Every structure is written in C-alpha cells, then in structure tokens.
Amino acid sequence: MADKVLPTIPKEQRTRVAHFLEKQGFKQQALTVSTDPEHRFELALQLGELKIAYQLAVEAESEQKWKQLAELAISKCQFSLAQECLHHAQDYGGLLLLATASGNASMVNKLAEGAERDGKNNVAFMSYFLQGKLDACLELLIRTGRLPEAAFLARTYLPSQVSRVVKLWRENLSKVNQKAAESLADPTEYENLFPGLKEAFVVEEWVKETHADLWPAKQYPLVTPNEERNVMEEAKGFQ
Amino acid sequence: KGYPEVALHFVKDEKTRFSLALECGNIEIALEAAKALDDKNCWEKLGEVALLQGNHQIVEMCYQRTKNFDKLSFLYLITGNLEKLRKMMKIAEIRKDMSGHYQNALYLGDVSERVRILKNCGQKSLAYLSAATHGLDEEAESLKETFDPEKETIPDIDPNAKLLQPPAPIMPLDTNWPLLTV
C-alpha cells in the first residue's frame, strides 16, 4: 500500500523513514530506500554489501572512510579487495600487518617506496632488512645520521662499508677534535679489518648462500615458500 | 678546558662533578657520576655518547637500565648471534604486546610467539598465514573450521621478501668493538 505512496515521497522523507526502517531492523530494506552518502555509508557498514559499499564509496573521498571501512572489510575477511582499498588508502600500518603475516616482497617494494615516505627512521630499516638489503639499510642511515649504528651493521653483515663509513664518522668526530675523538684504523693497527680475518664475508659459504637465497629451506610447509633461520642456519653458516 | 688534569686540581659534588663530566666530557667522572647520576635524561643521552666516545660493552649496561631494551635487542640482532634477543623477547612478550612480536620473528625462522599470537588474533587467519610453512597451516585450519570459518578472500602476500644477512666467516659481527685513541 505504502509502495504506492513511495513514489510520493522523495529526498529527505526517505531518510527519516529510513531511520525508522532501520529501527524496524529492516536493514536491507532500509538499504533499498537508502538515501544519503553518509546514510548509505553507515548503513553499509552495518549491511556489508561489500562491493556495493564500494560503489557507494565510489571514489570514497575520505581515507577516513577507508579507515573505517578497512576495519570492516578485514572483519569480513574480504582482503583482496581490502588490500585494494587499504592500498588505495595506502594506509600502511594495518595493511602491513596482513602483508607481513603471509609475507611479501612486492608489498615491500611499493612499501619501500612508502618506507621512504614515513619520516621516522626506524620502520624503514626493518623493511630494508626484511627485504634483505643491507644496502638499503645503510643508505637510509646516511640520511638520518645514524652513524655509530650504521657502522655496526656495516661491520656485522659486512658490506665493508665499515671502512668507508668509519672514515666519515670519524670525520665527524674529527670535526670535534681530540685524538681520542678522531680514532683511527682499518686493515691494521687499531683495527686489523681484513687481517683480523673473522665473520662477515667471503666466497664459499657465500656461494652456497647464493643459492640458498634462491631456494626454500624446507622442513614441511605450503605454497607460501620456506627459508627457516635458526640452529641449522648457524651451523651451515659457519661451515 | 685544556686537560681534565685541571679537573683534578679542583672539582666537587656529584652534581658539580657531573657538570664537569659533560664539560670536560670527563667520562671518567662520568662513570661514577653516572652511577651517582640518576637524573636519567642525563644518562639517557649519555650512554650513547659514551658509545660515541667508545665502548658498547659498557654502553649496553647503561642502556640496560634505561629501557632501550629494543635498542639493545637491535644490537643483538645486528651482531649475528641468537639468544639474548630471545630471552629479552620472552621478557617483553611476557610484558604484553599487539604489535611487537614481529621483532622476534624475522631474523629467526621459527617463532613461539605464534602460540600466544593466535590468542590475540585467534581468527585462525593469522595462524594460517604464519602457520603453513613449518608444514603446519593445518592447526590454523582446525580451529578455523570449529569456529564456523570466516575467511573467504586474501590479498597478494605469499612469502616473498628476504630475511637474510649477518655474518658468515671472515669480516665479523661485533660483539665487541676495538678502536684506538690514535
């Protein structure tokens, strides 16, 4: 009966009543009448026509929508898309949590790009590492003035930037003269670098490694490939 | 200043001494001073500075009370050895967490965090994503089913980034770092 009336209601009317309908709990039906982007939106949150919600979003026109929505999407476990929205949002933090949990390089490159974006030094490093990229970690340091720290990495996992880098750090120190403050040596004397001969470089292990990076470590797994990184690793690594 | 030999002719209270400890940079006096400092910030700058001047063997301690725990952890993972971080991991995991477990996992393969993690999540989702490769996707499914599952779509993420790097023989780690005033 009402439907005959329905033509003979418009804009705003629909809204009020929609709220009534919503009160009725005739959410779907409430959806059908739906009439305000906001109105549609909130209801949409309740409702979850997911795709449908997207169309309403269309171009959302507010990350806040995406943020709100992201939580919702994620709940529905409509991730493929969620990723698209979140990505669309480029809302890195939550998105990272998923991406990381299954794992992914690709995410990492784009993200790397992002990593560059973020404005505090630390996250970006994990990324660089995570990717496996000393190089990236070290380059990053150059901008931030992480210098003592950069040396440790450069030493540990040797890109022998310890030599290069140390000179520069030392130079800062140098600026701030005093001989102790200057501090000096790479192959020999103070440090014996390559003459010490101990644990962050060489070819053979490295060759084995070269491959290693390429295969999946294995134990028993899924399509989501292996790498391990534990006891075993220590042993071969020494070899 | 001209030498801390100067410091020696005269100087006083730990507070004063401290001032000297910066002014000279008298970090000898600092050491004690530090002990006696406890004006945090004071420290707080200082261990680094101490490092900056030298010795992380010591610096680690300094930082230890300082609650730059993560930082120390970072030092440990930087270096190419495995335990210390793990106890620490225990001892901060044990002190709650929602975004931090991550620290333990990467340099590792295996994590135990997952046992805990699932509890925070408990949607079998995380548990699967994480799970599958030890050849263990399966338990994550068992619960997931039990629930009345809710997964239905996923995004890219197939393990594809390298958790690799650290320190095979020749050209170190650095537990301890040598130097020289020269």
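For B:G122, indicate whether it is at positive phi, small (G, A, S) and facing another protein chain (nearest Cβ under 7 Å). So that I can check it myself, show each step before the final result.
Details: at positive phi: yes; small (G, A, S): yes; facing another protein chain (nearest Cβ under 7 Å): no.
Criteria not met by B:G122.
Please find, within the range B:60-81, the residue that is surrounded by the fewest Cβ atoms within 10 Å (Cβ to Cβ) out of those that are in contact (Cβ under 8 Å) with a residue 24 or more places away in the chain and not polar (S, T, N, Q).
Top of the filtered list is B:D70.
All but one of (1) part of a helix (DSSP H, G or I); (2) touching a helix residue (DSSP H, G or I) at 6+ places or on another chain (Cβ under 7 Å); (3) of a type in the set (G, A, S) hold for A:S80, so report the exception by its number.
Of everything listed in (1) part of a helix (DSSP H, G or I); (2) touching a helix residue (DSSP H, G or I) at 6+ places or on another chain (Cβ under 7 Å); (3) of a type in the set (G, A, S), A:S80 misses just condition (2).
Those residues that are under 12 Å from B:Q165 (Cβ atoms), without any contact (Cβ under 8 Å) to a residue 40 or more places away in the chain and within 8 Å of another protein chain (Cβ to nearest Cβ), I need them from the range A:123-173; list them, please.
The answer is A:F129, A:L130, A:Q131, A:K133, A:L134, A:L153.
Is it the case that some residue within the range A:38-53 is within 30 Å of A:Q13 (Cβ to Cβ) and not in a helix (DSSP H, G or I)?
Taking the range A:38-53 and keeping what is within 30 Å of A:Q13 (Cβ to Cβ), we get A:38-53.
From what's left, not in a helix (DSSP H, G or I): A:48-49.
Scanning the range A:38-53, I find at least one residue that is within 30 Å of A:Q13 (Cβ to Cβ) and not in a helix (DSSP H, G or I), so the answer is yes.
Out of all the residues in the range A:183-239, which are outside any loop (DSSP other than H, G, I, E, B), within 8 Å of another protein chain (Cβ to nearest Cβ) and closer than 25 Å to B:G54 by Cβ?
Listed by number, the residues that qualify are A:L193, A:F194, A:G196, A:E199.
If we scan the range B:139-162, do we find a residue that is under 24 Å from A:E209 (Cα atoms), facing chain A (nearest Cβ under 7 Å), in contact with a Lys or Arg (Cβ under 8 Å, 6 or more places away or on another chain) and in a loop (DSSP other than H, G, I, E, B)?
Checking the range B:139-162: at least one residue is under 24 Å from A:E209 (Cα atoms), facing chain A (nearest Cβ under 7 Å), in contact with a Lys or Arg (Cβ under 8 Å, 6 or more places away or on another chain) and in a loop (DSSP other than H, G, I, E, B).
Which of the residues that make up the range B:94-112 are over 15 Å from A:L97 (Cα atoms) and either more than 13 Å from the chain's Cα centre (by Cα) or surrounded by fewer than 19 Cβ atoms within 10 Å (Cβ to Cβ) (or both)?
Hits for the range B:94-112 are B:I94, B:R95, B:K96, B:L108, B:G109, B:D110, B:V111, B:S112.
Can you find, within the range A:93-120, the residue that is farthest from the other protein chains (Cβ to nearest Cβ) among those that are farther than 26 Å from B:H134 by Cα and surrounded by 19 or more Cβ atoms within 10 Å (Cβ to Cβ)?
Going through the qualifying residues, I end up with A:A115.
A quick note on method: Cβ atoms are made from the backbone with ideal geometry, for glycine too, and the neighbour counts reach across all protein chains shown. Bear in mind that the values in this text are calculations on the coordinates, not laboratory data.
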